[PDB]
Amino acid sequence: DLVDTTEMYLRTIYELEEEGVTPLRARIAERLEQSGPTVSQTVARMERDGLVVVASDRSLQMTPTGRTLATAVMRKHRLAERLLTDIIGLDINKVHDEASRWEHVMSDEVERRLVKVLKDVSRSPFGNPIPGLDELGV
């Protein structure tokens, strides 16, 4: 799915960044169990969409819109993980894969509601903080 794929690509990139890593197409490939030609196919579309630029050093620099989208997707991913552990009580071992799905179908409206209902949205159950809360308007 075009958007879901792109949303996944940008979240992955965002993570690499978080990990102190350089977002390289090869990294995304092996991180997304992806085939190089495929990552190129996708990044290429993403580039035409103005979401990412492959720096002259062959690294991936997310354009401002790209980064805003990556952050939104990460925010939703983490608010999903919070709901899943805090409220639903889903197995901690199942929380991440479930959240990677929900990140594509959770609306901003649900996010704001969770910001209001969750006890703490500072960080995900996994230790990383929840980005973009300000941009959400919460």
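Numbers follow the displayed sequence, beginning with 1.
For the segment pair 46-54 and 106-114, the entry gives 46-54 the higher mean B-factor, averaged over Cα atoms. Between 37-45 and 72-80, it is 37-45 that carries the larger average Cα temperature factor according to the deposited entry. In the deposited coordinates, the residue among 62, 90, 99, 32 with the greatest CA B-factor is 32. Remark: residue 132 belongs to the middle third of its chain, ranked by C-alpha B-factor as recorded.
Sort the modelled residues of the chain by CA B factor and residue 94 lands in the middle third. Residue 21 sits in the highest third of its chain by CA B factor, as recorded in the PDB entry. Among the modelled residues of the chain, residue 4 sits in the middle third by CA temperature factor in this PDB entry.
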